[PDB]
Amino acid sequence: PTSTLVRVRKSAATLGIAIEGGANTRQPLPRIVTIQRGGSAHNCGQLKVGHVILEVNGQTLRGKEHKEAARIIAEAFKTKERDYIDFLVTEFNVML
């Protein structure tokens, strides 16, 4: 498949990802540059450095500036509504 739905359960106190990209850059969708060992993202074993995030809990990140997309992810981790985050990701490069 082009994309894969990855559920990241909040199994640790931290999420542990670093992202680049967004509408205001040459990487239109946010891309994972780092995965910290011990965080919820590394704990799920399904997220990878280079993964491009298309959606967060069904919300598209297309058109969102870097800081808006980062804020969407930060709020998905802090919310008490659910104890996980659903990331729709792709291993393919996304340049437009």
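Throughout, rigid core stands for the largest set of C-alpha atoms superposing within 1.5 Å between the two forms. Throughout, we count residues from 1 along the sequence that is shown.
So if we fit everything on the core, which stretch drifts more in 4 other deposited structures of this protein, 71-79 or 20-28, C-alphas only? Once the core is superposed, the stretch further away in 4 other deposited structures of this protein is 20-28.
Please place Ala23 in the lowest, middle or highest third of its chain by C-alpha B factor as given in the entry. For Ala23, the deposited C-alpha B-factor lands in the highest third.
- Relative to the other modelled residues in the chain, which third contains the C-alpha temperature factor of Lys48: lowest, middle or highest? According to the entry, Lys48 has a C-alpha B-factor in the chain's highest third.
Inset, instruction - Please place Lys10 in the lowest, middle or highest third of its chain by C-alpha B factor as given in the entry. - result: It belongs to the lowest third of the chain when residues are ordered by C-alpha B-factor.
B-factor third for the C-alpha atom of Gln59 within its chain: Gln59: CA B-factor falls in the highest third of its chain.
> Once the chain's modelled residues are ordered by C-alpha B factor and cut into thirds, is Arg37 in the lowest, middle or highest one?
Replying inline: It belongs to the highest third of the chain when residues are ordered by C-alpha B-factor.
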